[PDB]
There are 4 protein chains.
Amino acid sequence: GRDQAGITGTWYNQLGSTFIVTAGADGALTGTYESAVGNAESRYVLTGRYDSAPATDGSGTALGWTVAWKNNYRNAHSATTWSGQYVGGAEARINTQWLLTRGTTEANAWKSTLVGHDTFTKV
Amino acid sequence: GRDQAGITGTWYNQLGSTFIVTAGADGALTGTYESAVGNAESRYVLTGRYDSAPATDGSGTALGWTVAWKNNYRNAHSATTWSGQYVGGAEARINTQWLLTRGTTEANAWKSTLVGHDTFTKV
Amino acid sequence: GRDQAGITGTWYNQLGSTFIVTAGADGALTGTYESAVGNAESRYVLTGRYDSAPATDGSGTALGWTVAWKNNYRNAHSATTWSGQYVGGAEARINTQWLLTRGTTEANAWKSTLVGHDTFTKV
Amino acid sequence: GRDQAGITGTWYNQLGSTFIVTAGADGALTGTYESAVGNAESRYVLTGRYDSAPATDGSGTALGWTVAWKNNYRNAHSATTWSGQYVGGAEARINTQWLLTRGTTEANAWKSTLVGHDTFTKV
């Protein structure tokens, strides 16, 4: 993958959360996520995908991943997806927007989904 | 997983797209996605996560998945994430919202991300 | 406005909420909103804007509006914006996506904003 | 309004856009928006709403507004809504997420809506 080495490793967002990811040659993303906020403790599995052959015109690298907020410690009955792009270079970043859906009754489904934005850096 | 058998199989959305997924006991989602719309042809790999131990109070099952829009046919330099819940029973559904990020230059990043909603059924 | 008469009047969404709007020649939207769900009672003021000279190529009419959830009865310390398009004809509709922001502390701002979708019809 | 004087005036976002707003005692927002980016020239009318009696517990002030991208110069057949909160004090800010809907045919409605985030400051 063009940015396999750029993406693989440890990232931190503006909340102080930790994203540990391995990028595969094929486009796979596998790792763990630890949230600094919310009803979450320790690491959660993540999986996702990235564009392993991005444009060479200075565009970012599209990618996304999911965490279901169940691990051996806690189950928040919810899942977050991040959708964004990796930008390489001196100050490498992953710029994302996210959707956090909680399981709800049908009556409460209108209030099931939070939306936000996270920026991940290497420091 | 509580809804491992409920989620596993073939789903169709309101656009006529086809989502083929296998749910693992652990919370894994793996499969293929074929979009009826957009700069897409044939099947794309997907991966995601679901809550393998949902609430028993009639709430849905939180889940999410990602497609990077690169396969052997086409590369749209973009990724979609769906975030939603599975609702079991006579008319089983997966109700989602999605974020579609395209790789962009920094100047164009304000117009990188589409948002929408898809409802998947078994027929 | 091209759709001034089409938009003006009473609309109902899938939750059973009631949207009463007047469209001005200039692009203004003014009216009241009554939510069937949530910490809301009676009517709330709304204001917004629409495209008073839409494309003639069968495209919808872009529009948006805001409700702050304060009236003489209740104050939820929150605001919803709907962004969407009006589609005229036998089954006229306003198809929207919405963002509902609650006032929060800085620590809680990551969970300030819900996202959803509403479809309004004339019946 | 509690933050009538705090909100009223000129704001700038991270793109270099200019938001000029007057907050009314009642909860009204009226002003003009000038985008630094996109198919936009000069000022566009905006209208919105804010919570005129926010919580006194250090929470932000919920607010929203709409611009339809039609003025005497250009018509992009689209509308943006910003949903967010005002945070007062030394470094006052309005933190928003936005939805930008373009008028589309029914076939293209899946790609009608962009989502992003803008932060406005007084300098």
# chains A, B, ... in the order shown; residues from 1 in each chain; ligands from 1
call {"tool": "interface_residues", "arguments": {"of": "chain C", "to": "chain B", "cutoff": "12 Å", "atoms": "only C-alpha atoms", "output": "PyMOL selection string"}}
result
chain C and resi 83-84+95-99+114-119
call {"tool": "residues_around", "arguments": {"residues": "residue 56 of chain A", "least_positions_apart": "2", "cutoff": "12 Å", "atoms": "only C-alpha atoms", "output": "PyMOL selection string"}}
result
(chain A and resi 2-3+52-54+58-61+88) or (chain B and resi 77+103-105)
call {"tool": "atom_distance", "arguments": {"atom1": "atom CA of residue 16 of chain D", "atom2": "atom CA of residue 35 of chain D"}}
result
7.6 Å
call {"tool": "select_by_dssp", "arguments": {"residues": "chain C", "states": "alpha helix (DSSP H)", "output": "ChimeraX atom specification"}}
result
/C:4-7
call {"tool": "write_last_selection", "arguments": {"atoms": "C-alpha atoms", "output": "compact mmCIF listing (two decimals), in the first residue's frame"}}
result
# COMPACT_ATOMS: atom_id res chain seq x y z
CA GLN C 4 -43.05 29.89 -2.69
CA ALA C 5 -46.62 28.41 -2.94
CA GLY C 6 -45.33 24.77 -2.99
CA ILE C 7 -43.39 25.19 0.28
call {"tool": "closest_residue", "arguments": {"among": "C:9, C:63, C:26, C:108", "to": "residue 123 of chain C", "atoms": "only C-alpha atoms"}}
result
C:9
call {"tool": "residues_around", "arguments": {"residues": "residue 11 of chain A", "least_positions_apart": "2", "cutoff": "9 Å", "atoms": "only C-alpha atoms", "output": "ChimeraX atom specification"}}
result
/A:7,9,13,17-21,93-94,120-123
call {"tool": "closest_residue", "arguments": {"among": "C:80, C:75, C:15, C:36", "to": "residue 48 of chain C", "atoms": "only C-alpha atoms"}}
result
C:80
call {"tool": "residues_around", "arguments": {"residues": "residue 28 of chain D", "least_positions_apart": "5", "cutoff": "8 Å", "atoms": "only C-alpha atoms", "output": "ChimeraX atom specification"}}
result
/D:22-23,47-50
call {"tool": "write_last_selection", "arguments": {"atoms": "C-alpha atoms", "output": "PDB file, in the first residue's frame"}}
result
ATOM      1  CA  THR D  22     -27.223  40.339  15.161  1.00  0.00           C
ATOM      2  CA  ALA D  23     -28.781  38.387  18.070  1.00  0.00           C
ATOM      3  CA  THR D  47     -31.232  33.704   9.569  1.00  0.00           C
ATOM      4  CA  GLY D  48     -31.284  31.467  12.636  1.00  0.00           C
ATOM      5  CA  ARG D  49     -32.103  31.015  16.281  1.00  0.00           C
ATOM      6  CA  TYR D  50     -30.242  30.797  19.592  1.00  0.00           C
TER       7      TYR D  50
END
call {"tool": "residues_around", "arguments": {"residues": "residue 79 of chain A", "least_positions_apart": "5", "cutoff": "6 Å", "atoms": "only C-alpha atoms", "output": "list in words"}}
result
residues 67, 68, 69, 100 and 101 of chain A; 62 and 63 of chain B
call {"tool": "closest_residue", "arguments": {"among": "A:1, A:37, A:72, A:25", "to": "residue 110 of chain C", "atoms": "only C-alpha atoms"}}
result
A:37
call {"tool": "select_by_dssp", "arguments": {"residues": "segment 39-110 of chain D", "states": "strand (DSSP E)", "output": "MDAnalysis selection string"}}
result
chainID D and resid 44:50 61:70 75:87 93:102
call {"tool": "write_last_selection", "arguments": {"atoms": "N, CA, C and O atoms", "output": "compact mmCIF listing (two decimals), in the first residue's frame"}}
result
# COMPACT_ATOMS: atom_id res chain seq x y z
N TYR D 44 -24.32 36.75 1.57
CA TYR D 44 -25.60 36.03 1.48
C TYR D 44 -26.34 36.25 2.79
O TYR D 44 -25.75 36.32 3.85
N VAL D 45 -27.64 36.32 2.68
CA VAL D 45 -28.51 36.49 3.87
C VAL D 45 -28.43 35.24 4.73
O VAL D 45 -28.44 34.12 4.17
N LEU D 46 -28.41 35.43 6.01
CA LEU D 46 -28.62 34.30 6.93
C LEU D 46 -29.67 34.64 7.96
O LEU D 46 -29.85 35.83 8.34
N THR D 47 -30.30 33.59 8.45
CA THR D 47 -31.23 33.70 9.57
C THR D 47 -31.06 32.48 10.46
O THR D 47 -30.75 31.40 9.92
N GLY D 48 -31.33 32.61 11.74
CA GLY D 48 -31.28 31.47 12.64
C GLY D 48 -31.88 31.79 13.97
O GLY D 48 -32.61 32.77 14.13
N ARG D 49 -31.54 30.95 14.92
CA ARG D 49 -32.10 31.01 16.28
C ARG D 49 -31.00 30.65 17.27
O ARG D 49 -30.12 29.83 16.99
N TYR D 50 -31.11 31.18 18.47
CA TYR D 50 -30.24 30.80 19.59
C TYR D 50 -31.09 30.72 20.87
O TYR D 50 -32.18 31.30 20.95
N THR D 61 -24.06 27.89 24.67
CA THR D 61 -25.35 28.43 24.23
C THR D 61 -25.65 27.81 22.86
O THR D 61 -24.99 28.16 21.91
N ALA D 62 -26.70 27.02 22.79
CA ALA D 62 -27.07 26.33 21.53
C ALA D 62 -27.58 27.35 20.52
O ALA D 62 -28.30 28.32 20.87
N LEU D 63 -27.23 27.15 19.24
CA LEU D 63 -27.68 28.06 18.17
C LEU D 63 -27.54 27.37 16.82
O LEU D 63 -26.80 26.34 16.69
N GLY D 64 -28.21 27.94 15.83
CA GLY D 64 -28.11 27.45 14.47
C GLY D 64 -28.47 28.51 13.51
O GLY D 64 -29.20 29.45 13.87
N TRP D 65 -28.03 28.38 12.27
CA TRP D 65 -28.46 29.32 11.22
C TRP D 65 -28.35 28.67 9.86
O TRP D 65 -27.68 27.65 9.69
N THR D 66 -29.00 29.30 8.90
CA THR D 66 -29.08 28.84 7.50
C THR D 66 -28.64 29.93 6.54
O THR D 66 -29.05 31.12 6.72
N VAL D 67 -27.90 29.54 5.52
CA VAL D 67 -27.65 30.38 4.31
C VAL D 67 -28.16 29.61 3.12
O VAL D 67 -27.73 28.46 2.94
N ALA D 68 -29.03 30.17 2.30
CA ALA D 68 -29.30 29.68 0.93
C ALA D 68 -28.34 30.43 -0.01
O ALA D 68 -28.26 31.66 0.07
N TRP D 69 -27.64 29.69 -0.86
CA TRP D 69 -26.49 30.25 -1.62
C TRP D 69 -26.97 30.93 -2.92
O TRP D 69 -26.44 30.65 -3.99
N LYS D 70 -27.94 31.82 -2.75
CA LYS D 70 -28.46 32.68 -3.83
C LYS D 70 -28.35 34.11 -3.35
O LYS D 70 -28.84 34.45 -2.29
N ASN D 75 -26.05 31.86 -7.92
CA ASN D 75 -27.02 30.92 -7.30
C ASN D 75 -26.45 29.52 -7.44
O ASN D 75 -26.44 28.93 -8.55
N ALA D 76 -25.97 28.95 -6.34
CA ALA D 76 -25.40 27.60 -6.29
C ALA D 76 -26.49 26.54 -6.10
O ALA D 76 -26.12 25.39 -6.02
N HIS D 77 -27.75 26.90 -5.96
CA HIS D 77 -28.88 25.95 -5.80
C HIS D 77 -28.54 25.02 -4.63
O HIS D 77 -28.58 23.77 -4.76
N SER D 78 -28.27 25.62 -3.49
CA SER D 78 -27.84 24.87 -2.30
C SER D 78 -28.02 25.69 -1.05
O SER D 78 -28.12 26.95 -1.10
N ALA D 79 -28.03 25.01 0.07
CA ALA D 79 -28.24 25.69 1.36
C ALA D 79 -27.35 25.00 2.38
O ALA D 79 -27.31 23.76 2.42
N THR D 80 -26.74 25.80 3.25
CA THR D 80 -25.98 25.26 4.40
C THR D 80 -26.69 25.60 5.68
O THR D 80 -27.14 26.75 5.86
N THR D 81 -26.74 24.65 6.60
CA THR D 81 -27.15 24.92 7.99
C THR D 81 -25.99 24.61 8.91
O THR D 81 -25.36 23.56 8.78
N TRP D 82 -25.73 25.54 9.83
CA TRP D 82 -24.75 25.33 10.90
C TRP D 82 -25.52 25.12 12.19
O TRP D 82 -26.37 25.95 12.54
N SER D 83 -25.14 24.12 12.96
CA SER D 83 -25.72 23.76 14.28
C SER D 83 -24.58 23.71 15.29
O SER D 83 -23.55 23.08 15.00
N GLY D 84 -24.67 24.43 16.39
CA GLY D 84 -23.52 24.48 17.29
C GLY D 84 -23.81 25.19 18.58
O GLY D 84 -24.95 25.26 19.04
N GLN D 85 -22.72 25.58 19.22
CA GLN D 85 -22.85 26.33 20.48
C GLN D 85 -21.82 27.44 20.51
O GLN D 85 -20.69 27.29 20.07
N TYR D 86 -22.27 28.53 21.13
CA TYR D 86 -21.42 29.68 21.51
C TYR D 86 -20.84 29.45 22.91
O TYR D 86 -21.58 29.08 23.82
N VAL D 87 -19.54 29.68 23.02
CA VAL D 87 -18.75 29.57 24.27
C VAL D 87 -18.16 30.96 24.52
O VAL D 87 -17.46 31.47 23.62
N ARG D 93 -15.91 31.56 21.23
CA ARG D 93 -15.91 30.76 20.00
C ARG D 93 -17.33 30.35 19.71
O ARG D 93 -18.12 30.27 20.63
N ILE D 94 -17.63 30.12 18.45
CA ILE D 94 -18.84 29.36 18.07
C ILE D 94 -18.35 28.08 17.39
O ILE D 94 -17.70 28.16 16.34
N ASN D 95 -18.62 26.94 18.00
CA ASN D 95 -18.18 25.62 17.48
C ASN D 95 -19.38 25.01 16.76
O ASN D 95 -20.44 24.93 17.38
N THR D 96 -19.25 24.68 15.49
CA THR D 96 -20.39 24.20 14.69
C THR D 96 -20.05 22.92 13.92
O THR D 96 -18.89 22.60 13.61
N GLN D 97 -21.12 22.22 13.59
CA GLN D 97 -21.12 21.25 12.49
C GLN D 97 -22.14 21.75 11.49
O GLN D 97 -23.08 22.50 11.85
N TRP D 98 -21.94 21.41 10.23
CA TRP D 98 -22.82 21.94 9.16
C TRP D 98 -23.22 20.87 8.18
O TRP D 98 -22.50 19.89 7.98
N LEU D 99 -24.36 21.11 7.53
CA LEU D 99 -24.91 20.28 6.45
C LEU D 99 -25.16 21.19 5.25
O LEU D 99 -25.97 22.14 5.37
N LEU D 100 -24.58 20.85 4.13
CA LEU D 100 -24.73 21.62 2.88
C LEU D 100 -25.48 20.75 1.88
O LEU D 100 -24.91 19.73 1.38
N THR D 101 -26.75 21.06 1.65
CA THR D 101 -27.57 20.29 0.69
C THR D 101 -27.62 21.03 -0.64
O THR D 101 -28.00 22.24 -0.63
N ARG D 102 -27.37 20.34 -1.74
CA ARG D 102 -27.56 20.90 -3.10
C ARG D 102 -28.89 20.34 -3.62
O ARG D 102 -29.21 19.16 -3.36
